[PDB]
Each structure stands twice: as structure tokens, then as C-alpha cells.
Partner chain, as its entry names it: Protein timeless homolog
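Below you will find one chain, with nothing else, as C-alpha cells; this is the form solved without its partner chain, and questions on how it binds or moves follow later.
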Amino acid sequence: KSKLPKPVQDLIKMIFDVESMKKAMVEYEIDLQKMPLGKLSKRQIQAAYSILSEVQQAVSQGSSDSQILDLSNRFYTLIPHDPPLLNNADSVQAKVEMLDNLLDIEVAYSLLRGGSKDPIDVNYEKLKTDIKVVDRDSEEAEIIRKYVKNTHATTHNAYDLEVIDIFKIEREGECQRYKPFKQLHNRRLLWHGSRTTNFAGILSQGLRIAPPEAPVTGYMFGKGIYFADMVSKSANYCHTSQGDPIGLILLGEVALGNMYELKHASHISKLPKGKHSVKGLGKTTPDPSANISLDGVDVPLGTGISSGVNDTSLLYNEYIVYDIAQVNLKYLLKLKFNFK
């Protein structure tokens, strides 16, 4: 049996569930016959990003129907489906999203196949990630639950949110990596939602930035790591429905430094001198007054009020850093989405 607390065990079971890895591949219409879980590779997914960039190159340079046809055939040969022609940005970005997921799904599966005590404990160790349970009645839980209740958006009213488990997390190497970036202040505790099938990869390797091979557009603020101060904006990237009421989310410590504050999409080739992050400005913001501190870290847990920011792409804020070392992952939440 396992020495880990039941909540930690149930987390490992959820993160390394091989069924749900398969299920999402079916959802993406991958031919599991032509390509099962075992046959996914980094090199395969890498070249598929490159084909997608080539599609976008062609579309912008307005290539001929057969040149676009050739490229789609190459893509669907590299990633066999059970299909949409890739001729516009929207279909290309749909495929990026898939590859991002599959990239993580591959990482999760490579972990189980590696290595030689309960399987649960052996798995936990492959994560190189300290996971401890935060007690329901603790100070951390009171603040976290308030952060959740208060930063739930009014337009995200298709579900109610309930915190089931809260975990203190410490990724191996991350602290040594993060230390120098504490020098810039404006450190804040922020949300990052993702698919459950991604979390094995997220804990093994932390939050990573898009690979250079991937196509450049689709990204509002370039290739960086993206955060929210409203819980539900991040909760939407959990992609949970009826069959999955359980999602996972991260609270991370982000060292924002001097924020380059924007209202419209820009392709951040380079941050301006003395700027260390980007903040997209929403129509709705957490109350600036109600900001709280937790262990030297600012927590924007105020009820979302109307910010006077007009003529902006975004309804809610978002934060983006461009060095992976600027993130320190602190908490992992398990959430029940209670639908209606």
C-alpha cells in the first residue's frame, strides 16, 4: 500500500489515468489504431508544429490550392485521424491546441514507461514534486477559498465552483531557479488553469513557453506563460463538462517586475527596457483596495469590480511572463465544477 495521504493518492490516480489520456485522443479524432499512446514522440509533435507554421506561411503568402492541400496531407500523415482542410488561422490554431495537449500527454506516458511499494508512490516520485495537503481550516485555505469565491466572474455563470482539495507544491529545482527573479518585486499569486491530462507534464517540467517550431499567431501577447487574477477565466482552460466535473488549477507566484500594460494584442518580440512582464487590461478587475498579502506575496483576491478601462479586447485581466524562471508554483487546487 501507499504512505501518501488519500488526497495525494487520488491526485496521482487522476494525473496518471491512462484511460483519460486515450479518451482525449479519441476526442481529437486521432486514429488510435494507427497511433496509440505508446507511439507518440517529441520529434513527431515537433515536426507537426513545423508543418503548421508552414501552413500559416503559405496562407499569409496566399499559396495555391494544391500547395495548401499538400501540407494538410503531410499533417494528417504525421498525425493520423479517423477532416478539416488547414487553410485559415482558426483551423491551424485548433491544431496547435491539440498538439500542446498531446505534447503533455506524451510526457505523462513516457514517465510511466520509465523507471523500474505501491505504483502510486513510485509515480509520485517521477514527478520530482513535493505535494503536501493544506488543511481545510488553515489560514492558507481561508484565503485561497476567498480568492476563489471573490474572483469568480459574472459572465462565467454556467457553473458554480467548489474547492475540494488544496495542495502545497514544491517542484524540484524551481526555487534555486526562481531566487534571482525575486529582486524584481511586484510578486503576485496568480491563476493558471490547464487540462487534467497536462498536469503530469506541468509538475515534471513546470510551466513551459511554446516551442520556437510552433506558429506565432493565435497568441494575444506572444509566446509566454499566461496567468489570470479571476479564478473562472483560468477555470475555463480546465475544459470540464458533464462527464468531468473535477478540474485542476494552479496558484503560482509570478515575479512580474515592471508590467508593460496593454489593451490590444501585440507580438512581443522584445520587452521594452525596464519592463519584465505584460499585463492585459480587462473591463473587469479585482477590487484594487481589497488586496491581501500572504508570505510576502500580493494576493489580488478582491471581488471583481468594473474597471474604468474602455476600448479593450479583454473582459478580464491577464499576466504574461517570458522567462520560465519567473514562475514559482505554490498551490494546486482540485475543483468541482457544479453545472447548471
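Here the rigid core means the biggest group of C-alpha atoms that line up within 1.5 Å when the two forms are laid on top of each other. Numbering follows the first chain given and starts at 1.
There is another form of the same protein, the form solved in complex with its partner chain; it is not shown, and what comes next is about it.
Participant: Heavy atom within 4.5 Å of its partner chain in the entry with it bound: which of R208, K168, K126, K149?
Facilitator: Among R208, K168, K126, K149, a heavy atom within 4.5 Å of its partner chain in the entry with it bound occurs only for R208.
Participant: Of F199, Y109, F75, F181, which one comes within 4.5 Å of its partner chain in the entry with it bound, counting heavy atoms only?
Facilitator: None of the other options qualify; the answer is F181.
Participant: Among the candidate stretches 245 to 253, 172 to 180, 118 to 126, 132 to 140, which one is within 4.5 Å of its partner chain in the entry with it bound when only heavy atoms are counted?
Facilitator: After filtering at 4.5 Å, what remains is 172 to 180.
Participant: So in the entry with it bound, does any heavy atom of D10 sit within 4.5 Å of its partner chain?
Facilitator: No, no contact at 4.5 Å.
Participant: Would you classify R113 as touching its partner chain in the entry with it bound, given a 4.5 Å non-hydrogen atom cut-off?
Facilitator: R113: no contact with its partner chain in the entry with it bound.
Participant: So, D323 and its partner chain: in the entry with it bound, are they within 4.5 Å at any heavy atom pair?
Facilitator: Yes, contact at 4.5 Å.
Participant: Does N258 make contact with its partner chain in the entry with it bound, using a 4.5 Å heavy atom cut-off?
Facilitator: Output for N258 is yes: heavy atoms within 4.5 Å of its partner chain.
Participant: Quick check on the comparison between this form and the one not shown: with the core aligned, only one of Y219, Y178, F199, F75 should show a Cα shift of at least 2 Å. Which one is it?
Facilitator: Between the two forms, the residue that moves is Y219.
Participant: Does the C-alpha of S41 move 2 Å or more between this form and the one not shown once the rigid core is lined up?
Facilitator: Shift of 2 Å or more: no.
Participant: After superposing the rigid core, is the C-alpha displacement of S266 2 Å or more between this form and the one not shown?
Facilitator: After core superposition, the C-alpha of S266 moves 2 Å or more between this form and the one not shown.
Participant: Is there a C-alpha shift of 2 Å or more at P288 between this form and the one not shown once the rigid core is superposed?
Facilitator: Superposed on the core, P288 moves its C-alpha less than 2 Å between this form and the one not shown.
Participant: Do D295 and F167 have their C-alpha atoms closer or farther apart in the entry with it bound than here, with the shift being 3 angstroms or more?
Facilitator: Compared with the shown chain, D295-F167 is farther in the entry with it bound.
Participant: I51 and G218: do their C-alpha atoms lie closer or farther in the entry with it bound than in the form you see, with a change of 3 Å or more?
Facilitator: Here the pair is farther apart than in the entry with it bound; there, closer.
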